[PDB]
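Some notes on the structure that comes next.
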Amino acid sequence: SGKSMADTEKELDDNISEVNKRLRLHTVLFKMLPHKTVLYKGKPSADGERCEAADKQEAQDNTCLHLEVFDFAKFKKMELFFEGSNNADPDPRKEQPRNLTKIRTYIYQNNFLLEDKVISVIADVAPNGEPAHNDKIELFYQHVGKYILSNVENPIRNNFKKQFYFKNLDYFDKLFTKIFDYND
Amino acid sequence: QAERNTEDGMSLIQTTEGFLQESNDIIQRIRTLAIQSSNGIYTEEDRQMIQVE
Amino acid sequence: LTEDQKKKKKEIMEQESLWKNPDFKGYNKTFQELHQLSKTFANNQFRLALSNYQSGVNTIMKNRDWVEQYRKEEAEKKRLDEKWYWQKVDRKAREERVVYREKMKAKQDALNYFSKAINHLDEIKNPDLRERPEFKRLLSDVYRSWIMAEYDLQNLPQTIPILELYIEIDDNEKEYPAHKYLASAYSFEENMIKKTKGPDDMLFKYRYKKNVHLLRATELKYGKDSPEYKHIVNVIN
């Protein structure tokens, strides 16, 4: 009944929170791949929803990480936008986390269907706030119209975080981690 | 085919044995040398030459 | 010093580091930067070229680990048939040839991968892409590791066409180690002609090219009309 639905949503809110707490750690990559994985260093740009790769990938003032995933075409994209400047120290083993201001993801291939529609873009504008931040997640729908996850009926809202968003957050956190540890 | 297996076995066994004939001729030479080595007036320097052999 | 001499000192040290024998910190640094090229370039054939180069470098790195382990395992054997000087040298000769021959196999596996990295770069046909810093730096790193893999095993004649292709790329001609290795490899070839009593045309060809890269390496590290240049000027006459 509605009880199980409520518990499921809570578990999913916490799942996206725990991974966002891990994603905020990828600041360690600014002073710094597994096959078919491409990471960019850059800055938040344009309208604030997209990440612009740096000419100087090593630059100390980069505050965004843009990660592209290829397979057999581009399959996925993530942009981690961080609040705050980086530590002056050039050694990445010493760098600390920065709460994310935003997470923007794109799905191009291996698209998931939520009630038969593809949410190709997900824009999280409060990734390190209260786990229950569905009103901070914009959904861009293709069959791309803007919906807010908090206005999604619920199963639907649960399927969104269970099938699309948590999994992408986890896939990207793992790729960012492989990148860091491989070069650290 | 069983007869063949029996004969292929003979070759395995003979191969092994030939290496052991080599091994025993070696031991017999080692024993000859050990007896020389056991001579208490045969010197340590000379024992080095024999012990290498 | 002048502003250019201070800059030059800095650059020569960076170039010597660039040609440093591979190790784990350099491996990490290298694949950070070569992947940085994959970032901007976004080209599947470049990605494949880098994937093969990285497999080649991994062959080299795994070999270096093998060589330490092998020498360790041999050192840790009790050598009771080693009472002669010749027997100690014998077992040394066993070690060196097994290690050298294993390195020779690792070299071929590394060069098969480097050859594949080049064959994939060959598939980038658009001249606007072939002129990209991303294309040129990867091609430079593939040639550099290729040159070093051969150099370490004394395969100096084989390093010449690759050094020559290397110096043609994006100001690599201004690298002191590149001219030092060319001069040394040409010197080897000159000595081969003198030892094998080969033709004079090849003696002078190799001697000339040795002196050109000797002079250029000197110019690049010390500056033209420096006491060190002026010395090379009179010798080459």
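Readers should treat all values here as calculations from the given coordinates under stated rules, not as data from a laboratory. Ideal geometry is used to build each Cβ from the backbone, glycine not excepted, and the neighbour counts take in all protein chains shown.
Quick notes on this structure:
- Pair list, Cβ under 7 Å, 6 or more apart: segment B:42-53 residue within 9 Å of chain C (Cβ to nearest Cβ) and closer than 18 Å to B:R31 by Cβ, other residue part of a helix (DSSP H, G or I) and β-branched (V, I, T): none
- Where helices (runs of 4 or more DSSP H) fall wholly inside segment C:169-237, no range has 2 or more residues that are on the phi > 0 side of the Ramachandran plot.
- Failed criterion for B:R4 (all others in (1) closer than 27 Å to C:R79 by Cα; (2) of a type in the set (K, R); (3) more than 14 Å from every other protein chain (Cβ to nearest Cβ) hold): (1)
- Index of the failed condition, C:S38 passing every other in (1) polar (S, T, N, Q); (2) facing chain A (nearest Cβ under 10 Å); (3) exposed (fewer than 15 other Cβ atoms within 10 Å of the Cβ): (3)
- Listed by position, the strands (runs of 3 or more DSSP E) enclosed by segment A:26-105 that each have at least 3 residues that are surrounded by 22 or more Cβ atoms within 10 Å (Cβ to Cβ) are A:37-45, A:64-70, A:74-82.
Condition check ((1) among the charged types (D, E, K, R); (2) farther than 30 Å from A:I156 by Cα; (3) at the interface with chain C (Cβ under 10 Å from one of its Cβ atoms)) across all residues:
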{"residue": "A:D7", "(1), (2), (3)": "yes, no, no"}
{"residue": "A:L12", "(1), (2), (3)": "no, no, no"}
{"residue": "A:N15", "(1), (2), (3)": "no, no, no"}
{"residue": "A:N20", "(1), (2), (3)": "no, no, no"}
{"residue": "A:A54", "(1), (2), (3)": "no, yes, yes"}
{"residue": "A:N62", "(1), (2), (3)": "no, yes, no"}
{"residue": "A:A73", "(1), (2), (3)": "no, no, yes"}
{"residue": "A:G84", "(1), (2), (3)": "no, yes, no"}
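- The residues of segment A:106-119 that are buried (at least 17 other Cβ atoms within 10 Å of the Cβ) and not β-branched (V, I, T), listed by number, are A:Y106, A:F112, A:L114.
- All positions within segment C:60-105 that are among the hydrophobic types (A, V, I, L, M, F, W, C) and closer than 30 Å to C:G26 by Cα: C:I60, C:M61, C:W66, C:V67, C:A75, C:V98, C:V99, C:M104
- Those residues of segment C:21-35 which are more than 9 Å from chain A (Cβ to nearest Cβ), assigned to a helix (DSSP H, G or I) and either in contact with a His (Cβ under 7 Å, 6 or more places away or on another chain) or not hydrophobic (A, V, I, L, M, F, W, C) (or both), in sequence order: C:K25, C:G26, C:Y27, C:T30
- Enumeration of residues in segment A:135-184 that are among the basic types (K, R) and either within 14 Å of chain C (Cβ to nearest Cβ) or surrounded by 13 or more Cβ atoms within 10 Å (Cβ to Cβ) (or both): A:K136, A:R157, A:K161, A:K162, A:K167, A:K174, A:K178
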